[PDB]
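Both counts, for ligands and for their atoms, begin at 1 and track the order of listing. FYI, the numbering just counts along the sequence from 1.
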Amino acid sequence: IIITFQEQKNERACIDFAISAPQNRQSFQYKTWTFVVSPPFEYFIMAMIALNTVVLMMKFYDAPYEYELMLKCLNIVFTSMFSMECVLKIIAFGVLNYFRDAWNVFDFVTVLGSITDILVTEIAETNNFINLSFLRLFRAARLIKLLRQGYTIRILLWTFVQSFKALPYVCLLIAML
Ligand SMILES: CC(C)CCC[C@@H](C)[C@H]1CC[C@H]2[C@@H]3CC=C4C[C@@H](OC(=O)CCC(=O)O)CC[C@]4(C)[C@H]3CC[C@]12C
């Protein structure tokens, strides 16, 4: 099936087709931009993603109940620091220049879900619904930030996934089966 697969030159077409194809310096906005674009800031936030996932990995059954408390407090600290980092970006870069990144919006959504999870955990029992707990996906989904750091795995995933987007009817045939 691999050896004999019909196409429905190439690289030359792709190159010749794709050949077609920052913030100013006014005020404290520039101070925030210089603070957030500093390579130390990016390395620090990457390390903080790493430590947040370490904290996620630290949960275990029948914890001493003070270990649970320090895990919760570490989650509080990480969520608040990610929120203030999101605020630093939303002020340094334009709100239009932030919400139109497709990665900054992911960070914003995960931060909002994280504070929402914190708020609900205190008063979860008053809701009494099945969806009381899906808000814990956001802390685990902050692990996706390291996917960007892993460059070649990101490229491989992107190529294969967008290939899947180019095949919406083979999956439909499988679903019909
Ligand atoms: C790349 C690595 C070096 C970074 C990530 C390491 C930690 C985030 C992980 C790795 C091993 C994990 C540990 C693996 C096994 C255990 C034992 C486990 O003990 C029990 O389950 C005891 C049961 C009981 O006494 O009731 C407690 C969690 C802990 C320390 C885990 C906590 C989180 C650890 C340290």
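Here the shortest heavy-atom pairing between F82 and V111 reads O-CG2, 3.9 Å. Contact record, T32 with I91: CG2-CD1, 3.9 Å, taken as the closest heavy-atom pair.
Counting protein heavy atoms only, atom 29 (C) of ligand 1 is closest to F60 CD2, 5.0 Å. Counting protein heavy atoms only, atom 4 (C) of ligand 1 is closest to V54 CG2, 4.8 Å. The protein heavy-atom contact nearest to atom 26 (O) of ligand 1 is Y61 O, 4.2 Å.
At a distance under 4.0 Å, no protein heavy atom can be found next to atom 35 (C) of ligand 1. Within a 4.0 Å radius of atom 15 (C) of ligand 1, the protein contributes no non-hydrogen atoms. Distances from atom 24 (C) of ligand 1 to the protein include no heavy-atom value under 4.0 Å.
Numbered from 1 in the order shown, with element, the atoms of ligand 1 that lie under 4.0 Å from a heavy atom of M57 read 8 (C), 33 (C).
In this pair, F60 and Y67 present their aromatic rings tilted. The plane angle is within the 30 to 60° band.
In this model, no donor atom of one side chain and acceptor atom of the other lie less than 3.5 Å apart for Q29 and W33. Between the side chains of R136 and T121, no donor N or O sits under 3.5 Å from an acceptor N or O.
Ring-centre distance between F35 and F41: below the 6.0 Å cut-off.
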